[PDB]
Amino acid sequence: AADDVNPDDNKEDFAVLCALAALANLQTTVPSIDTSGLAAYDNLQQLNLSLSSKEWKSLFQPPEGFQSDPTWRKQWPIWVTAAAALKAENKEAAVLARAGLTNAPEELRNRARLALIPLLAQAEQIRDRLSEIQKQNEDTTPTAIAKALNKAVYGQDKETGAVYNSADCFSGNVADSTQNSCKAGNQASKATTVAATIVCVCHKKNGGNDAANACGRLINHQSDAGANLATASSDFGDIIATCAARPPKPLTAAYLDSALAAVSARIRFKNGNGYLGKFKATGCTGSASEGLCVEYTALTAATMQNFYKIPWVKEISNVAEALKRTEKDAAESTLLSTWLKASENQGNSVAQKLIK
């Protein structure tokens, strides 16, 4: 009976699964896109507009004749936002004061505006990159991450309050038999969440000849999963009660990737299938002489990409891919913003040069 499923035989599998289950109902921060540079650029646009002729200001759709000019079409919303911001009480005075241009002669206003031309041209692509980053990463949010991870763990597309429910944990609820419920990657794939995987790898079936405590001796299996997982919820509660795992905060792509890699290194191939958990014979039925496992039906080395298409695996992968991008773009945005704030400071100094 060492070859049967005994207490602790799935203990090490359980540790990896526990780490994954701790991704449920997650409250993480995400890497911050530093968008302070956008305000700095807007401030420069407001200075430029303030220093413009009464004819140019009168303009604030581009007007007939420029409706089709590619520069006017791109700049219009930017100019419109600047004009609107400038209308606010004391805002133009403040803009001019910061620039050293309060009560400036017209000669100086014009020279100062012209001086801004290269500065604005240098800042434009920096600002446009920052605005692109912002847009590209706008779905990397704590909420979106939490929902995707709750789909992975519990099959529930919600930010919080996710709980074990077989209707969600197994795709279309539990099958007619445990053997069929504990299959994934196959034509009738059922064990499509981390929680279903835990049930398959750890449950105590009713009726005797069970593998109670396969996932650890500290589980208090107070009930059982019924026959054919009919009442898996009570048993899952007892199993998951033993899990204390917490992921690092903020959550990183690297951590998620390491967790998926850890699972992949535990799956074992036999007879044309892959298995997570102890498999002896027949199938993943919850019987001690058979197996307490997930059967990745027809999974093989050359078809391992199919593991990554299983819903929980795909959801976690999507989150990691989003975080991988956002981590880099956040670091880039720090510098873009600092540079734009520096351009704003430069624009505020040009009058000093020109007076002198």
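All residue numbers are counted from 1 along the displayed sequence.
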Study note, to complete from the structure: What lies unmodelled of the deposited sequence between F60 and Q61 amounts to 10 or more
Practice item. Look over 281-289 and 151-159 in the entry and identify the one with the greater average Cα temperature factor. Key: 281-289
Practice item. Could you check which stretch, 264-272 or 106-114, carries the larger mean CA temperature factor in the entry? Key: 106-114
Check your understanding: For the listed residues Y296, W312, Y41, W56, which one has the largest C-alpha B-factor as given in the deposited model?
Key -> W56
Point to revise | Peak C-alpha temperature factor (PDB record), options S317, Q45, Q305, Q27 | key: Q305
Revision key, fill the gap. Of the three thirds of the chain ranked by Cα temperature factor, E138 occupies the highest
Exercise for review: Just say lowest, middle or highest third for the CA B-factor of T81 relative to the other modelled residues in its chain.
Suggested key: highest
Point to revise | Cα B factor band for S52 (lowest, middle or highest third within the chain) | key: highest
Point to revise | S177 CA temperature factor, ranked by third within the chain | key: middle
Practice item. Just say lowest, middle or highest third for the CA B-factor of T300 relative to the other modelled residues in its chain. Key: middle
